[PDB]
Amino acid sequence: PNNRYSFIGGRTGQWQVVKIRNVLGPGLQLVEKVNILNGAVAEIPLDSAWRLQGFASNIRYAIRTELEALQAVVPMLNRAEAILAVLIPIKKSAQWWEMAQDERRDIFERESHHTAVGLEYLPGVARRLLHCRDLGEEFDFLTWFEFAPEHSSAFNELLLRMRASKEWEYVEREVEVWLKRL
């Protein structure tokens, strides 16, 4: 449908905030709930603390054989069992964005094995990647993960592996918003 998603932190919404972890750089204000809208929001209610937005876009790095591997195991969003979610806004450094395409692909997969590592956690973890640097937002990406509680430990292990990678040496802001489906 609409390629735009808005995440409004405040007092209403479909998701309850469990905790907010300020991984790197300035964090996000603590709020009660997150309201997720499949569209752009002009202004947020007075009782909202922040608004995040991003759009779904085309593939930027993954190659055909990687997409085939993902498609064989990828789970759908909105599984009945997937009552936990994590929203992770990420900003990468200017030095990352000034690099050419071969340099960034080399770091993303040849050195960091982003997709190969991520594949190990499917189909337990469902995901949605949104882009927002081109919208002028404070973050460059909004990443969304959801899973049943049984996979919480596996997801924490994934996070540890990702943040140890060469790719994460270019991450300059990151926040984790942990959520429970209402």
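Just count from 1 along the sequence shown to find any residue number.
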item: Residue stretch of maximal mean CA temperature factor, 58-66 vs 33-41; value: 33-41
item: Higher-scoring stretch by recorded Cα B factor average, 106-114 or 68-76; value: 68-76
item: Top residue by Cα temperature factor, when 137, 157, 47, 120 are compared in the entry; value: 47
item: Chain-relative CA temperature factor third for residue 28; value: highest
item: Entry-reported Cα temperature factor of residue 162, expressed as the chain third it lands in; value: middle
